[PDB]
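**Student:** what shape does this take:
(2 chains)
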Protein chains: 2
Amino acid sequence: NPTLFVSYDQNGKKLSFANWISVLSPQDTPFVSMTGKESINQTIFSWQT
Amino acid sequence: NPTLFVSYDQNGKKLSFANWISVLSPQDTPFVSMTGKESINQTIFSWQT
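**Tutor:** Residues are numbered from 1 along each chain as shown, chains lettered A, B, ... in the order given. Structure data below:
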């Protein structure tokens, strides 16, 4: 094999990959977290004022 | 036309109203929350100073 053995002449070398993923995702949701839930039956709802 | 049932084609529909009414007309009236009232008989009253 080549005279001088260096990192560029290596085959079958492990990847040294990282076992995680940078999940940089904001999901605060301040509004929906305090609005409130109310079930309905139709696709159109109305109210009086 | 389509034998399947779709919201746009439904005829008998329960409106699913809100079951209340919203009114914001203020009713504070602080000046009426003063000292109590005083019943009288005649349409003209008076006092000495």
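**Student:** what about whatever residue of chain A ends up closest to chain B, how many neighbours?
**Tutor:** With Cβ to the nearest Cβ, the shortest gap between chain A and chain B falls at residue A:47, namely 3.6 Å. For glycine as for every other residue, the C-beta is placed from the backbone atoms N, C-alpha and C. Using other Cβ atoms under 10 Å in any protein chain shown, residue A:47 has 10 neighbouring residues.
**Student:** also residue A:42?
**Tutor:** 13.
**Student:** name the residues of chain A found near chain B, please.
**Tutor:** Chain A has residues A:40, A:41, A:42, A:43, A:44, A:45, A:46, A:47, A:48, A:49 near chain B, with proximity defined as Cβ under 8 Å from any Cβ of the partner chain.
**Student:** in chain A, which spans are strands?
**Tutor:** Using DSSP state E, no strands are assigned anywhere in chain A.
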